[PDB]
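Read the single chain below, which is given as structure tokens and is the form deposited in one PDB entry.
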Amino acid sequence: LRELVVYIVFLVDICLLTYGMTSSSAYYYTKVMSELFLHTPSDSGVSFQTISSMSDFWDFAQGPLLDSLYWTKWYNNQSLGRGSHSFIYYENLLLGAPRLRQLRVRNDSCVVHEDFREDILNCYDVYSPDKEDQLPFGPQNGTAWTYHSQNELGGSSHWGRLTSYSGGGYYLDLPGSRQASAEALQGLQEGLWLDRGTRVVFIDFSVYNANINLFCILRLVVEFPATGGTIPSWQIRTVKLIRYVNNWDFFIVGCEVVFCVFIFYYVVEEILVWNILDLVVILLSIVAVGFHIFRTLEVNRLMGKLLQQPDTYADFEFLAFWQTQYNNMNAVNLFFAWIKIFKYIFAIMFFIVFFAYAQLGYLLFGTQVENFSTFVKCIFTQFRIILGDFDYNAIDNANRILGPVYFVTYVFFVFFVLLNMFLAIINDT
């Protein structure tokens, strides 16, 4: 019964270590930033979410995005007394400069069919890293008009709605004030910096809050499919990077070294079914150990760069990405750490036909309704239908005969099979 007590001590160790990272003021910080950039219309009624075509994109970029970044003067039109830096909502510092970057696809990327070769001289295929266009275009001069590899821009794969994307492309870094920035983007509308070759466009920038201590790092990802049009999407992550606050941070250093003491104790007692869960928990634990040194190194380097050369994009997106997935790992560890307490204290006919419906629904619908438009989405759509959440209008207007047949037939299937499962389990009794 002593190993139990020690185990509890482990639960409060991991508990304080993971709840040390969070903040109850995070949610409103995301909510405020997102509702600042996403929802604010331009004069043309162009929000970010509602971007349709390219001209809408330019109406957005030269629109709110240049007035929701650079704040200078108060609401009473009196100047704000902090020099030359842009404070979003007066309370939020803007780190470095924002960066656009684009991805292009090669001029002739496929074979136009034989009938149309008269009217169509070019094929720009869907994005795949094999076909990415590395040559310059436009006036072919600055870093906006000429390619850059994934090394020259330190970066990882962004994984969007269509397909994953590399880290290269034609970046531009907006200058400090507003006016110079508008001169830039106006310069990119002059020439065509968005043409048929374009595929993905990223806008990255990050913000640091002085009052509490948090970063809001955000990516605005607009995709241009081969079909034309646009698909806007966004990721906004708020993150506690610097863990130094007060002597409490030194209590967090002590907490960390206590934690590694614990894990060494648990590898000692480990080596000599539930022990599966043990080796997992310890595995993700020691994965979580080194990340703090990784982080302190990273932050030290970045704040080094921002210190040296302002008006230069400094990547917080990689660091924020791995910080948040680090938090996900801690969450799963902690959850298992609660499950572990218990250690210290015919269906094939259903699955086959189930996937058969997933497939059928994907074929009949899926060029109409989004919820069916891929296979996994079909699986979870059918699962919600079991749980009693569905939109029948969509299924019914996609195909107004086979729709009701699908819906009804599926309902009777699940209902009926579930029944036979009940009667079988009662037969076991």
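We number the residues from 1 along the sequence you see. Basically, rigid core = biggest C-alpha set you can superpose within 1.5 Å across the two forms.
One more form of this protein, deposited in another entry, exists but is not displayed; see below.
A.B. asks: Once the rigid core is superposed, exactly one of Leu192, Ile212, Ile242, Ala226 has its CA displaced by 2 Å or more between this form and the one not shown; which residue is that?
C.D. replies: Looking at each option in turn, only one qualifies, and it is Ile242.
A.B. asks: Comparing between this form and the one not shown on the rigid core: C-alpha of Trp338 shifted by 2 Å or more?
C.D. replies: No, because once the rigid core is superposed, the C-alpha of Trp338 moves less than 2 Å between this form and the one not shown.
A.B. asks: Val287: CA shift of at least 2 Å between this form and the one not shown after core fit?
C.D. replies: After core superposition, the C-alpha of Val287 moves less than 2 Å between this form and the one not shown.
A.B. asks: Once both forms sit on the same rigid core, is the C-alpha displacement of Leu95 at or above 2 Å between this form and the one not shown?
C.D. replies: False for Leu95: its C-alpha shift is below 2 Å.
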